[PDB]
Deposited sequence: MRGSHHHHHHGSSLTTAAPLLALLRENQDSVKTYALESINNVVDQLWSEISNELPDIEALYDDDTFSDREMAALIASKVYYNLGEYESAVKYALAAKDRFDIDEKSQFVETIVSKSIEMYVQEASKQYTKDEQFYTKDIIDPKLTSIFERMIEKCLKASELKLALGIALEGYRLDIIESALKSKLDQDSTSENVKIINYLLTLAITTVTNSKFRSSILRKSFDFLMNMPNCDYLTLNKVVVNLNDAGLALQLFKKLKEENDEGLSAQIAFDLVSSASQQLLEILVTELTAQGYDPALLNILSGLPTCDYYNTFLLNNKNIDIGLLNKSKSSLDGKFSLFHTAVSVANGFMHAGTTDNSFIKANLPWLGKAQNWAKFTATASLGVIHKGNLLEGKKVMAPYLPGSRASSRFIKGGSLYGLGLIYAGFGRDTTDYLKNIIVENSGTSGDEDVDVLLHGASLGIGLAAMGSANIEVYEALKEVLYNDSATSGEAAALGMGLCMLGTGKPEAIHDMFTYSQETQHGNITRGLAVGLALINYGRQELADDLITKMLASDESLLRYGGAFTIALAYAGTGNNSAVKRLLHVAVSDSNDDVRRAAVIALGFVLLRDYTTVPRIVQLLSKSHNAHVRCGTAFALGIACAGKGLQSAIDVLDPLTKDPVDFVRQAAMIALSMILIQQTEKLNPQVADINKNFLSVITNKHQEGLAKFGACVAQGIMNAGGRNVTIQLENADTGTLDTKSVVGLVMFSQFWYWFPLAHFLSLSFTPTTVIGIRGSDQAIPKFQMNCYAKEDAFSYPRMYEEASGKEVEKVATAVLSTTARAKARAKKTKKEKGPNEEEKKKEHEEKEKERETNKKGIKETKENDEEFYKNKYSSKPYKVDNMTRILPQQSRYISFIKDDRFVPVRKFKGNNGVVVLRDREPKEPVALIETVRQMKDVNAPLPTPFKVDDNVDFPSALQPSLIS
């Protein structure tokens, strides 16, 4: 009917009468809101009246009317003023709307307030009314018991204390379920929280909850440690693992930490366990040696290689041309990587001889890739070419120090000392060409050996090389300084490096330091944003080049929108062709975790008229889609292999080979045509020099490590990013500017196998596991699920796609310490019948003694 009779009562003097009127109107407000709006000033007058008892009801009615009107900022103001009389349980559009809007406002408020104070929630800083709705919305979720929404909101609003309490009250004390929750809350914090100081706090709190649980999940506890990169947490991890003592577990855990975790953390953790007189068996695994040993043995024994491919490359591309020499020199090292077998070069010695200048540098250092790992005899192999070896040229002698760092990468503590001495000795000398080429090789190698070390004495040593401002040595020193300081965001270093990139008179050096600055910010995310802006703003294209890479690293693996947009802008709007290429490539890193979106995001760019942009998108795809076999990426790349521009055809093929590594005609029918094409390009005399070098190098990648490696930037188990492989790929992307840098791709090669280990003696038993799949499927090239499994031997090639199908045999002598994850690496076995004899696999190190 009409609300006028009710509205009239608002004028009555007694509160009991106005209150009755308000509550009556409330019932009909949804029909009569138009009629009622006319009286709003009266209704608000009631709210503004300090002595009216039911003002909260006045507000509530105002709110409902503004809402029904479509003035929302007003409806919120009043619902908030309503306080309690606003009922979040009521199921209605009104309530959904103002609750959504209130949450938005509180998060906005809380972001701003958190950066000023992380305890902000304990102060009155935020509006108590707004706070109330937020917290009550939380309460509602926990009463209905959806804790995954309750946690999300609390997360979104920077409230760690709510998350903490919520977990206490919601932990049963079915621990397996608890762990699932902490895992969801971790995944959320890593993949959404954009504030570091915050994201850290959650992991640190998630750690203490996992630590206190009676049943302990170390698999999850490992995730937290690697993510935070915190040696103190690792230490606690083991001290708790000691008091549980089950030796098999402690071993498995150490094998896990050795694969996923960072080098500098492993070093700090052994030194402390060592000094605390920890078990010598564990201290051995945590040195990395055993694992390096198992992978070495694996690559030596299972190596499958088609040598004709290299041979066609040598016969078609003449080694007198420094390009064609580099092309095969590199492809050699790739196929033979880590495998230790030098057969090809021994066979064509004369071919090696035609290499001149820097092509000589590359061929020497290629021994380093073939010998990657091989810590035992590694230094010996290089002796003939070492300095003072009676070597013929500073190319052989300089590339030797680079082949050396390649071998010992990640183990280089000994090698670092060796190389550091050469630098300090020869940094003083200037004007000598022989010392310059030497100081180049020293710096590339020392960078690989000191990588991630944050070691100030090597940084300082290298810094002296840079000041000689030799164009020859300068680039290496800068890269070295980046590799050395990688991920530190060390402000001293950034400052020193930036200032000098302007003062120097050499371009390559300014390009060296641009990348160097990218390395130092690797992983830093938002803390890199100030430096990124300076760099992108610079007039010097080379620094803008570094700007793109600094985003690629700092934001690597994050799907960050600001950063994806900022790079799309640089790609489209930048004046410089190299800078536009670098900005597209950086997309591959930023998006490596969401790699399926990558082909659509760059599809248009692949059609661009600018060839540098077209070429950068082959690489964005190569990088982001590396381990994966993704078809949508291949479809985008297919046309680019037929591109008019040579270096676009080149990047397209190289990228295809990284996307397709280990794939075979049986898995993907298209791979036959792709392989065939790599060949036609190499054979044809009319095909451009650059297309060929790219096809040749592509074969090396496709077939790398005797078919037993893959490229994966993100660790399958921890979800963490593999630093070594990222850096591998970011240097590889510099090859256009410096060819020797190509070998850096070797850091991205990881062996694909499941390796059983007997926990007690750390010995490798020969047994068989079940693989539910068709046998023909995962076989090497001639050169999915199956109900009936087939048997696969321990320590043999297991493709990443294939891991899901592998199963340990239920009744068998060997049973895994913890349940099988379903993916590659070392798995620690328990022996049911220790007395009985088993055939054992001899470690290469073992034969020596």
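- Stretches of the deposited sequence absent from the structure, as judged by C-alpha coordinates, are 1 to 14, 188, 799 to 870, 937 to 963.
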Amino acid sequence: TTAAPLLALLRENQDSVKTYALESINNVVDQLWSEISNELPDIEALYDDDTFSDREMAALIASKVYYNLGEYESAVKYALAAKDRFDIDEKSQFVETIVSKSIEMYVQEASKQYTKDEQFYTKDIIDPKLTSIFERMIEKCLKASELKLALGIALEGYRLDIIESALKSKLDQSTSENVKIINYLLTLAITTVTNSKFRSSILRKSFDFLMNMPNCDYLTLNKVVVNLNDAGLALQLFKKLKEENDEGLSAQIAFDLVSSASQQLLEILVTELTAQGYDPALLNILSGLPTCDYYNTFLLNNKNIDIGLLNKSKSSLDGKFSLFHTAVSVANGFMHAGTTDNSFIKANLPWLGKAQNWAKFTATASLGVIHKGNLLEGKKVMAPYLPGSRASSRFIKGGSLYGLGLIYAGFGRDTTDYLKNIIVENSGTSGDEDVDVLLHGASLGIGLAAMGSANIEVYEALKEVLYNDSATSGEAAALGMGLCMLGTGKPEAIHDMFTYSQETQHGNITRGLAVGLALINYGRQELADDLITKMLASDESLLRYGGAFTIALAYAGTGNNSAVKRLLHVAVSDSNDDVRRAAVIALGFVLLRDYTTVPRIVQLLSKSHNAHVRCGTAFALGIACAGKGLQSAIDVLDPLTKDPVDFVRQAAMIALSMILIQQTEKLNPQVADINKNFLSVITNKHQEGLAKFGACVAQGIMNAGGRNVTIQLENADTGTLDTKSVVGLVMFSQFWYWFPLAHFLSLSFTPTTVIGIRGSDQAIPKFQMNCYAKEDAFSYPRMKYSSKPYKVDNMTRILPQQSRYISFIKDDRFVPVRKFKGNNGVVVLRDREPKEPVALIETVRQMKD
From here on, numbers count along this sequence of modelled residues.
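- Per the PDB record, of the two stretches 114 to 122 and 600 to 608, 114 to 122 carries the greater mean B-factor over its C-alpha atoms.
- For the pair 332 to 340 and 212 to 220, the mean B factor over Cα atoms is greater in 212 to 220.
- Each of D574, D673, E714, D643 has a CA temperature factor in the record; the biggest one is found at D673.
- For the set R136, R544, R581, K346, the PDB entry puts the maximum C-alpha B factor at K346.
- Ranked against the other modelled residues of its chain, the C-alpha B-factor of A62 as given in the entry falls in the lowest third.
- Annotation for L444: C-alpha temperature factor in the middle third relative to the rest of the modelled chain, per the entry.
- Sorting the modelled residues of the chain by their CA temperature factor places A275 in the highest third.
- Annotation for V697: C-alpha temperature factor in the lowest third relative to the rest of the modelled chain, per the entry.
- Among all modelled residues in its chain, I36 ranks in the middle third by Cα B-factor.
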